[PDB]
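Take a look at this single chain in structure tokens; it is the form deposited without the RNA.
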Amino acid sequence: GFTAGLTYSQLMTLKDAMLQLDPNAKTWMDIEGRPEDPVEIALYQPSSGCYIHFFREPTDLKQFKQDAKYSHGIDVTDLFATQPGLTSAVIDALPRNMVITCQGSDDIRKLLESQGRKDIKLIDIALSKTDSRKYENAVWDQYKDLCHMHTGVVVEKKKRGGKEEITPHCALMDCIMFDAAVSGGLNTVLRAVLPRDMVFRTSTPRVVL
């Protein structure tokens, strides 16, 4: 009967921040990592420009390393300071019966189900791969400063020929670029809902004991 990980004052700061969301606005959600073990989560409301964006340390390092190599390029060492319990706390605070839009609803559905949020309705936009990435370059160009976490070289698995590096997948850039694909364009200021010191715990020196 408590929210694990966060103290009450942190939780209230989070709940107040989540009230910045318009409960009825189009809201995209995207994750990196499998829904059972997500490492990056984003929600985005293009109307206001509000976005939720945070990270989580993986339970399964082996699968994480595969995903880093072939999908997201996140270095696990940059996840050590993430706030335990944050994913559950954020999802708990989403408005009841909210409608969320996503590209491929299977993984979002599983994540929300695991949090007991079957009340949330999902719209699967079902863009083709090519259509979904139309604005990929434009989105990184404009918004790269919003996520510096994709540091690793990401590759395409190939049977022959040379190495092929690809642009890493970011949950936040995904939301923005999928919305742009649906809207037929990418307008030129977004606003973070969560405080930086909530997403990452400040690290300090220690003597190892």
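Residues that one form lacks are left out of the comparison. Think of the rigid core as the biggest set of C-alphas that the two forms share within 1.5 Å after superposition. Quick note: we count residues from 1 along the sequence shown, nothing fancier.
There is another form of this protein, the form deposited with the RNA bound, and it is not shown here; the text below is about that form.
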item: Candidate stretches 121-129, 79-87, 92-100, 135-143, one within 4.5 Å of the RNA in the deposited bound form by heavy atom; value: 121-129
item: Contact label in the deposited bound form: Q66 to the RNA, heavy atom within 4.5 Å; value: yes
item: Interface membership of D174, the RNA in the deposited bound form, 4.5 Å heavy atom rule; value: yes
item: Non-hydrogen atom contact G116 with the RNA in the deposited bound form at 4.5 angstroms; value: no
item: Touches the RNA in the deposited bound form: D179 (any heavy atom, 4.5 Å); value: no
item: Members of 92-117 lying within 4.5 angstroms of the RNA, judged by heavy atom, in the deposited bound form; value: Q103, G104, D106, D107
item: Superposed on the rigid core, segments between the shown form and the other one of at least 3 residues with Cα shifts of 2 Å or more; value: 205-209
